[PDB]
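Structure first, commentary second.
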Amino acid sequence: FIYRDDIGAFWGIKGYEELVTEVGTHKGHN
Amino acid sequence: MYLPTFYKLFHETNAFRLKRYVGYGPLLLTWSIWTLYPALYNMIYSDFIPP
Amino acid sequence: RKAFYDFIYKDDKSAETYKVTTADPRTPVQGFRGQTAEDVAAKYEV
Amino acid sequence: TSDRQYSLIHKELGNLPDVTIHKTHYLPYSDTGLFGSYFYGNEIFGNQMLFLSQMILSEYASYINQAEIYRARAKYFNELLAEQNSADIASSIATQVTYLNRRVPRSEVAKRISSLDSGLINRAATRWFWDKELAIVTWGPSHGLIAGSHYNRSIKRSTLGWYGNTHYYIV
Amino acid sequence: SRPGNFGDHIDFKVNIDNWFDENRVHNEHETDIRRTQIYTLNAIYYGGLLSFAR
Amino acid sequence: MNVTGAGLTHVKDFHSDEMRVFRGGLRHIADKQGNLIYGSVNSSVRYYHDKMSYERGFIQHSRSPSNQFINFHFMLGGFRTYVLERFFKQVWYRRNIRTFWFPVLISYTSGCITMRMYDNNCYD
Amino acid sequence: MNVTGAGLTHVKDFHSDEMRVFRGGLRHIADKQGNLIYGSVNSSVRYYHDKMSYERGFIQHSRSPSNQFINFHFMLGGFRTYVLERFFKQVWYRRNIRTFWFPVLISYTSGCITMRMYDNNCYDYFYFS
Amino acid sequence: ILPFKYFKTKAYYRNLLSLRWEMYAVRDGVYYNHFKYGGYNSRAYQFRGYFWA
Amino acid sequence: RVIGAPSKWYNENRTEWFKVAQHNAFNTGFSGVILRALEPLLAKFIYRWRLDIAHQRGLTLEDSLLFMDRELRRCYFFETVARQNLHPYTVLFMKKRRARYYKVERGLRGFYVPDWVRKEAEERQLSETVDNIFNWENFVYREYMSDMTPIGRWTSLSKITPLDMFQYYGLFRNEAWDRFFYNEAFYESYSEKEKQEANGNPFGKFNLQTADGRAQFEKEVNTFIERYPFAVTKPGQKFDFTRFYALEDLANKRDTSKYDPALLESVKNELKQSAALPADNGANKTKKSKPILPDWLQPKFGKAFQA
Amino acid sequence: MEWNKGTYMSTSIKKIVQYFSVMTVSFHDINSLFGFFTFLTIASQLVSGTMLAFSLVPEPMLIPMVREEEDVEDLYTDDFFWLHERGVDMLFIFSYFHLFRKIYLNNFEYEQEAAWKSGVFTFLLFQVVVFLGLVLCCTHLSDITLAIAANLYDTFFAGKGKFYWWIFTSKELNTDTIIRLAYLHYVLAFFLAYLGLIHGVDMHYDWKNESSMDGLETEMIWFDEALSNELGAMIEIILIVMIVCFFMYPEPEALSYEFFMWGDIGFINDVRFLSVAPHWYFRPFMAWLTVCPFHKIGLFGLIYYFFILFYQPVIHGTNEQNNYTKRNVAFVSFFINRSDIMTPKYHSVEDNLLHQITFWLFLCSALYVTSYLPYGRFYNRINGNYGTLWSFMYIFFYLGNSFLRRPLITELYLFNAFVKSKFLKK
Ligand code: HEM
Ligand code: HEM
């Protein structure tokens with residue numbers, strides 16, 4: 001029910017570990 | 001004096017009726033074969049005897 | 001054998017039980033006969 | 001309930017609350033014979049009274065139960081052992097000598113019925129009941145039976161046991 | 001005023017509460033006013049529902 | 001009064017017991033007990049045949065088709081006589097043609113006249 | 001023999017008058033006559049409510065809502081008593097949390113542990129240093 | 001709209017449930033034949049012939 | 001298959017079977033010691049849990065164990081048996097207690113009954129409930145279970161769904177596939193020896209004649225009453241063992257000499273009043289109704305000679 | 001049709017009107033309105049589906065462009081599409097809550113026998129309709145779902161013969177299959193509404209708020225006194241859902257499970273196989289397929305789930321024998337020195353701590369199965385998640401076996417207490 005943040009899978013959604021994904025929304029607020 | 005259970009009687013009657021129905025089944029099979037003979041030909045000569 | 005004849009619904013003319021049922025009423029059964037008895041006066045016990 | 005016993009016709013009759021009398025008659029003669037059923041009941045069960053007996057007999061041709069066989073065998077054994085009246089015995093002996101030129105022992109009759117089994121019963125009922133013609137008489141109020149009086153498809157198929165069940169189960 | 005075939009009260013505690021007497025506003029001299037107020041509250045609720053339905 | 005009908009009139013009620021299971025103690029009611037309520041469609045589908053019929057002293061005899069002709073009363077006395085006379089004269093002319101020959105002929109004549117006038121006007 | 005039941009049993013039949021129009025000469029049967037056949041769902045839809053009920057010395061008193069509070073007993077005892085005590089402790093806790101706090105806590109903790117172990121295996125797969 | 005829904009539903013139910021009940025002793029020599037010989041069930045057509053025989 | 005004498009289909013009472021089963025489970029084998037070690041948890045989380053909930057609702061284990069909730073509503077078998085054998089006040093009083101609680105509970109949830117209702121609930125002990133439960137179960141078995149005979153059948157309801165038409169009953173029924181005839185002998189039954197074992201005291205094999213055995217019995221009973229409030233004594237009260245010993249001595253017809261005559265007379269009094277069947281006397285009758293037609297439905301006063 | 005005894009309620013217009021005008025409802029709570037919530041969202045689904053079907057041309061090469069065109073040139077097409085999707089979500093939530101409530105209430109007796117089979121059939125039809133709509137979405141996820149359904153259907157015939165062609169054709173989303181599946185979706189949705197109406201008419205026989213009889217004889221009339229409460233509870237549920245969605249789903253988001261829907265069939269012939277993810281309501285099925293890599297065992301489990309969801313009153317029930325049935329269990333290990341066991345009867349609900357524990361463990365197991373999608377890459381290579389396997393095994397054991405549903409330990413403990421009490425007080 002808890003998911004890691006340092007594996008590249010945001011909130012448990014896997015498949016996007018090969019690119020930067022969270023900059024706009026999660027890590028930083030554009 | 002041979003008092004069998006109504007469970008037993010029901011099961012025997014059901015067995016006889018199902019035997020009659022499974023006897024009727026091959027008629028439906030033959031009707032289906034005659035209706036879809038090209039489909040049957042395709043199925044055997046595409047799966048059981050591949051080119 | 002008997003199961004096969006029952007399945008096909010055809011009489012087995014060679015069956016031993018077939019002769020007894022289809023025997024001529026005017027003649028006795030071939031290999032059977034009962035015993036002959038006589039009445040005895042009744043007796044009461046209390 | 002009517003199904004907690006070993007007689008299909010008795011179960012069917014117990015289902016119908018206004019069918020009072022049923023009897024099976026066998027009337028053998030010299031070079032001919034009759035075997036049938038007499039029914040006495042209400043007019044709303046006319047179709048049931050018309051179709052039940054032939055439906056039961058044709059089902060007996062197709063398949064019979066060992067419970068039915070043993071019940072009938074025990075009944076007929078008891079009937080054979082229950083003759084004590086001298087008038088009935090004398091009449092029966094006279095008729096037997098008239099038609100067969102001999103007296104048939106009760107032991108012989110018991111052996112003859114005991115040799116029967118399901119296969120022999122099925123074959124006999126196929127010979128005499130399976131797909132056969134009938135003689136039917138209805139006497140009384142025929143308001144609900146006048147539509148299908150003529151000897152027609154329903155009557156012809158009534159002798160096919162399960163294949164003529166349509167007109168019995170509708171009531 | 002109960003029927004004569006009804007005897008005394010049996011020794012069973014049938015009510016734990018007294019809401020038949022506690023739930024009272026004692027407005028028997030003006031009851032149609034309270035009836036109108038209940039109609040008005042019902043009307044407001046129905047009006048909200050009918051706005052959504054519209 | 002405490003009686004049914006208040007002691008004033010007869011009621012004519014009944015207890016159908018079609019929502020009852022037992023007669024006495026765990027003895028079931030016969031499933032055909034509901035057919036004893038006469039004159040109700042819910043009792044049986046055979047009540048939809050509601051002709052008027054009453055008769056006494058009537059005896060009817062019907063013979064099995066297995067002892068009859070396959071095609072009884074076919075060509076009899078001659079193909080010509082049978083077919084022509086019976087079929088044509090005693091069915092077609094006697095029942096259909098005799099009834100509509102005059103109105104159909106009058107309508108056909110009027111329609112042909114109107115068609116001729118319309119076609120003549122179209123030609124002109 | 002020429003009687004109902006053939007002189008052997010009692011039949012208990014009835015004439016419905018459902019398919020009948022006239023009582024006497026041109027006198028119609030009552031419209032609600034068919035409701036006099038008791039125990040028949042075909043006569044009324046109220047027969048679907050078949051709860052078992054029987055009592056004989058009972059009296060019930062009901063009062064018109066127009067003589068009662070619009071909102072009775074709504075905040076008796078104040079916010080603290082009514083809301084906190086009654087609602088939270090007596091309803092929410094006592095009827096729900098007592099039943100499922102233990103299994104839900106166990107399941108949540110075990111699921112968190114298993115998810116963390118699976119994610120640690122994924123991290124070991126991805127990172128080699 | 002939440003307060004008016006509360007009014008209608010919950011307040012109406014609480015008002016309807018403010019009943020008074022009284023039980024009395026009945027000893028007038030009348031048997032409870034209607035309790036012993038009464039009862040209906042819509043699913044009797046399903047129960048009959050199959051259940052509890 | 002061995003053919004013997006015919007018999008009814010249900011030849012075992014549920015209550016006796018469960019009594020022997022619980023005796024075997026709790027006082028025999030490794031399961032016995034496991035269950036005896038697990039006793040405090042079961043007492044805390046089964047008996048006391050339900051007892052506390054029932055007391056809060058103003059009820060006892062009567063209303064939850066004598067007749068089930070699914071029996072009081074929508075159970076045609078129970079309704080038939082009750083209508084054929086029972087007086088109305090049993091089910092009526094149970095329903096009345098339920099209604100007197102839930103009338104308030106539905107109006108305002110989170111309802112605790114006051115002390116004058118909880119005290120009336122707590123007045124009833126578990127022994128009378130056990131009497132009622134055992135008597136009802138035995139009566140139902142004897143009068144109705146021994147009369148019924150299961151039969152193979154399809155579904156009771158006529159469902160057009162094909163997934164429900166083809167339902168089969170009896171094909172995987174253990175008794176149905178174990179016995180094919182009503183003359184068949186019965187296999188795998190409780191022995192008479194183990195049936196008699198369950199009739200001993202449910203605490204231990206110690207004897208009460210020896211003074212050492214009496215102390216152990218008293219300790220076990222004290223633990224039981226401390227763990228099971230309202231089951232046999234009120235929580236404040238104390239169990240008196242002299243009366244129980246007098247009962248046991250009189251039941252076994254041993255030497256009842258060490259007991260004073262007054263206590264023996266009392267013990268006989270409760271013994272013969274706790275088994276008495278209540279009977280009705282015409283003490284306080286109520287008026288019977290004899291209705292007559294009202295005045296306006298009667299002819300007017302006054303009649304002449306009508307010559 | 002001599003095995004049919006008739007219909008419980010003949011469906012006629014006048015009788016329906018009369019029944020719904022004199023129908024009464026007992027006093028209840030919010031936990032017993034999920035059925036009417038489902039009816040409301042089913043009606044809304046029918047209306048919004050009709051509105052959407054007046055604009056969907058069943059051509060796979062035109063559907064995305066037509067959907068874009070109808071959005072900008074109409075005022076309510078996208079609103080109705082949003083309604084239709086949210087109605088699917090609410091239907092799943094309400095149906096699962098309803099099923100869980102029935103399981104907890106232990107509606108497994110012969111009187112609840114009728115309401116169970118119809119409900120399970122309705123649930124299967126609902127899932128089939130949902131699958132049809134998901135295929136109609138016409139994206140890469142639609143293609144994947146169609147391929148999975150075609151493979152599972154062909155496994156029945158063992159891969160011999162093209163028996164699937166009449167519905168699926170070549171297992172792709174071409175015009176013929178699009179037309180067939182769209183028309184099937186519409187017709188089966190209306191049949192679903194009818195089946196749900198039948199099931200909901202089959203409710204009045206045994207209707208209860210809680211598992212405890214309340215003993216109340218007066219009840220409210222349905223048309224206003226209960227309909228108003230149903231509508232208000234629906235409003236409150238919608239408000240709670242709105243709050244949770246607003247404070248739980250920020251926009252934009254870093255990652256979503258709906259990014260797999262970017263691919264359009266035909267336009268994009270390249271599929272991103274890494275981020276394969278269905279909607280949350282088929283996530284448990286995809287998780288089960290990923291966890292159990294065997295094709296036959298996975299299909300068997302998928303079928304067996306519905307097979308044991310149906311037959312529930314058969315496995316657990318009175319069976320008309322008044323708890324005199326002798327069941328076969330090996331878990332007792334001859335503790336009471338017997339093979340066959342009498343079925344217990346003291347299975348209460350509101351005060352059964354063991355029953356509550358087992359039920360809530362089962363519910364949390366279902367939630368954990370739904371919680372996440374196992375990453376099919378390196379899943380079984382890193383030994384996977386033990387919690388997912390435990391949850392699946394517990395769900396199958398709980399739904400199938402009767403060991404935990406109606407335990408024998410409480411019954412025997414109650415008899416032990418009864419025997420001790422009766423021995424102490426003769
Ligand atoms: C309660 C019954 C129904 C259910 C469960 C249902 C389910 C669904 C689902 C799951 C989708 C896919 C939406 C998505 O991408 O998440 C969908 C789409 C669709 N449904 Fe339904 N539906 C129902 C009723 C109907 C009806 C009655 C119609 C037609 C009259 C209909 C027509 C459509 C259409 C046309 C689409 C595609 C819309 C689009 O792609 O823009 N549905 N449905
Ligand atoms: C998952 C399969 C389902 C099963 C096993 C099932 C079973 C049941 C049962 C046993 C009840 C009676 C509840 C009680 O006795 O108190 C019931 C009630 C009800 N069900 Fe279902 N059901 C299912 C799905 C559905 C669905 C999908 C719907 C909506 C179409 C539905 C609509 C209803 C309604 C309306 C009620 C009456 C309760 C109410 O109105 O609040 N059920 N169901």
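Counting convention: from 1, in listed order, for ligands and their atoms alike. Chain naming here is simple, since letters A, B, ... match the order of the sequence lines and numbering starts at 1 in each. Worth knowing before you read on, the calculation uses all heavy atoms, side chains too, and leaves out hydrogens, waters and symmetry mates.
Between J:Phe260 and J:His140, the two ring planes are tilted [angle within 30° to 60°].
Sorted by first and then second residue, the salt bridge (charged side-chain N to carboxylate O under 4.0 Å, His left out) pairs with a member in residues 191-200 of chain J form an empty list; sequence neighbours excluded. For residues 187-233 of chain J, the set of pairs meeting the ring-ring contact (aromatic ring centres under 6.0 Å, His included) definition, not counting sequence neighbours, comprises G:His49-J:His204, J:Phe20-J:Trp222.
Across H:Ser42 and F:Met19, no two heavy atoms sit closer than the pair CA-SD, 4.0 Å.
A salt bridge is absent between J:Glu111 and I:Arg73; no separation between the charged side-chain nitrogens and carboxylate oxygens falls under 4.0 Å. By the 4.0 Å N-to-carboxylate-O rule, I:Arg109 lies close enough to J:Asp29 to be salt-bridged with it.
Within the listing of ligand 1, atoms 38 (C), 39 (C), 41 (O) sit less than 4.0 angstrom from a heavy atom of J:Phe81. Near J:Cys137, meaning under 4.0 Å from one of its heavy atoms, ligand 1 places the atoms 15 (O).
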Put together the list of close N/O pairs, under 3.5 Å, between ligand 2 and the protein, could you?
{"residue": "ligand 2", "atom": "15 (O)", "partner": "J:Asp206", "partner atom": "O", "Å": "2.9"}
{"residue": "ligand 2", "atom": "15 (O)", "partner": "J:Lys208", "partner atom": "NZ", "Å": "2.9"}
{"residue": "ligand 2", "atom": "20 (N)", "partner": "J:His98", "partner atom": "NE2", "Å": "3.1"}
{"residue": "ligand 2", "atom": "20 (N)", "partner": "J:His199", "partner atom": "NE2", "Å": "2.7"}
{"residue": "ligand 2", "atom": "22 (N)", "partner": "J:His98", "partner atom": "NE2", "Å": "2.6"}
{"residue": "ligand 2", "atom": "22 (N)", "partner": "J:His199", "partner atom": "NE2", "Å": "3.2"}
{"residue": "ligand 2", "atom": "41 (O)", "partner": "J:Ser32", "partner atom": "O", "Å": "2.8"}
{"residue": "ligand 2", "atom": "42 (N)", "partner": "J:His98", "partner atom": "NE2", "Å": "3.1"}
{"residue": "ligand 2", "atom": "42 (N)", "partner": "J:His199", "partner atom": "NE2", "Å": "2.8"}
{"residue": "ligand 2", "atom": "43 (N)", "partner": "J:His98", "partner atom": "NE2", "Å": "2.7"}
{"residue": "ligand 2", "atom": "43 (N)", "partner": "J:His199", "partner atom": "NE2", "Å": "3.0"}

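If you look at J:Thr50 next to ligand 1, the close heavy atoms, those under 4.0 Å, come from the backbone and the side chain alike.
Look at J:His279 and you'll find a heavy atom under 4.0 Å from some atom of ligand 1.
Of all protein atoms, those that are N, O or S and lie under 2.8 Å from atom 21 (Fe) of ligand 1 total 2.
Other residues, nucleotides and ligands contribute over 12 non-hydrogen atoms within 6.0 Å of the CE atom of I:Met165.
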